[PDB]
Amino acid sequence: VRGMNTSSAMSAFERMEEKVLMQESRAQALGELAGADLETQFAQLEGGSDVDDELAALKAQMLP
Amino acid sequence: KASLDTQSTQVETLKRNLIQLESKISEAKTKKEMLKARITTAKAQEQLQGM
Amino acid sequence: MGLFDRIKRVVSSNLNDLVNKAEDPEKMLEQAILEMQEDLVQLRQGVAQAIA
Amino acid sequence: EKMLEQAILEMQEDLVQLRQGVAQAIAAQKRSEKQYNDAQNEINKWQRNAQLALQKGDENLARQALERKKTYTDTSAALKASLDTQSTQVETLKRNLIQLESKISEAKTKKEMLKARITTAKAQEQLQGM
Amino acid sequence: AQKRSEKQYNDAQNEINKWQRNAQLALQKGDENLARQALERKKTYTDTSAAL
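Summarised in this report is the structure supplied together with it. (Residues numbered from 1 in each chain as written, not as in the entry; some residues may be left out. Chains lettered and ligands numbered in written order. Part of a larger assembly, values for the part shown. Heavy atoms only, no water. Residues with missing side-chain atoms left out of burial classes, pairs and counts.)

1. Remarks on the overall build of chain B
So, point 1. The number of helices and strands found in chain B is one helix and zero strands.
So, point 2. If you line up chain B on its principal axes, its C-alpha atoms span 75 × 15 × 5 Å. (Helix = DSSP H or I, 4+ residues; strand = E, 2+ residues; numbered from the N terminus.)

2. With respect to the packing of helix α1 (residues 2-56) of chain D against helix α2 (residues 59-127) of chain D
Residue and element names in this part refer to chain D.
So, point 1. Between α1 and α2, the shortest axis-to-axis distance is 8 Å and the interhelical angle comes to 165°. Classed by the angle they form, the pair α1 and α2 counts as roughly antiparallel. Crossing geometry of α1 relative to α2 is assigned as left-handed. Across from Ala39, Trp46, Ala50, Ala53 and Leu54 in α1, the residues of α2 making contact are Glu59, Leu61, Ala62, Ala65, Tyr72 and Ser76.
So, point 2. Considering only residue class, the contact of α1 with α2 consists of nine nonpolar, one polar and one charged. (Axes fitted to C-alpha atoms, helices over the stretch in contact; angles between N-to-C directions. Parallel < 35°, antiparallel > 145°, perpendicular 65-115°, else oblique. Left-handed = near helix turned anticlockwise from the far one by under 90°. Contact = heavy atoms within 4.5 Å. Nonpolar A, V, L, I, M, F, W, Y, C, P; charged D, E, K, R; others polar.)

3. Structural notes on α1 of chain D
So, point 1. In this model α1 of chain D runs 82 Å from its N-terminal to its C-terminal C-alpha over 55 residues, within 8% of the 81 Å that 1.5 Å per residue would give.
So, point 2. Once α1 of chain D ends, the next one or two residues include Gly57 of chain D, with phi positive near 100°. (Expected span 1.5 Å × (residues − 1).)

4. Description of the arrangement of the chains
So, point 1. Inter-chain contacts occur across two pairs of chains; the most extensive set of contacts lies between chains A and C.
So, point 2. At their nearest point, the C-alpha atoms of chain B and chain C are still 7 Å apart, with no contact between the two.
So, point 3. These two, chain B and chain D, are apart from each other, with no contact and a minimum C-alpha gap of 15 Å.

Put into structure tokens, the structure is as follows:
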């Protein structure tokens with residue numbers, strides 16, 4: 001209960017709880033580094049642009 | 001009698017301490033599932049991001 | 001200082017290999033949940049005798 | 001990392017010994033207390049016996065029982081003296097644990113800061129290799 | 001590291017908040033002694049927050 005050198009529960013948390021979050025943080029950190037490109041932000045614009053340029057065509061073909 | 005009461009109260013503490021330990025071990029089981037889900041998810045992104 | 005310095009490296013060398021071989025996520029969880037479950041009965045046995 | 005991990009594991013294991021030492025110090029306090037409490041009881045027991053001897057007409061035994069009281073009273077004083085002096089350690093050792101509890105948290109916080117400047121130092125070295 | 005410390009600092013704030021409620025709850029129940037001890041935790045965690 002107090003916390004001995006090799007307490008099964010407490011010692012397990014030291015390596016599990018800590019490392020697990022470390023990897024999780026790395027994913028976000030490394031993931032944000034790969035998403036810093038300015039061309040990826042242009043793709044977002046494309047998506048919004050593509051849905052409005054096709055809409056007109058879609059509405060034009062469906063009209064008749 | 002004196003010794004009895006003293007030990008009786010000491011036994012109560014032990015019994016009451018086991019009740020709190022029953023919930024502490026139950027919490028560990030819950031962590032297992034959540035931890036594994038976070039690990040796999042991060043491990044799956046460790047290869048994708050690398051490539 | 002030398003003696004302490006040597007100890008520092010000696011322990012580090014052993015610790016480095018110890019933390020690089022036995023430090024996996026799955027291994028700890030399974031081992032921890034089975035060790036604490038066995039302890040519960042151990043304490044109960046002592047309590048039983050105490051109760052008796 | 002290599003010089004922090006080793007220190008973090010050794011600074012936490014030393015606290016366990018400190019807590020064990022405080023337990024022994026606490027035990028001592030309770031041990032002497034019982035001894036001092038037994039001395040008082042002993043004195044009280046002697047008093048009754050001495051008073052009982054006086055009622056039966058045995059003043060000689062009563063006079064010898066008074067010496068025991070004095071002897072135990074002197075022992076009580078000695079025990080009391082130590083009790084008052086041994087209590088200081090308990091509070092003194094308790095302060096050490098209270099101070100070390102916050103110092104170990106700062107040691108773990110230093111690691112993060114140390115890695116920030118270590119990565120920056122290497123970053124400048126990589127910039128000079130171009 | 002930034003995110004790690006942030007969480008720690010955020011947890012410290014949460015800890016302080018939790019203590020506040022507990023300290024305030026102790027005052028409502030008539031336990032000022034515990035409330036006074038809970039204020040020390042706040043200060044201790046506030047000092048830790050500053051450090052962080």
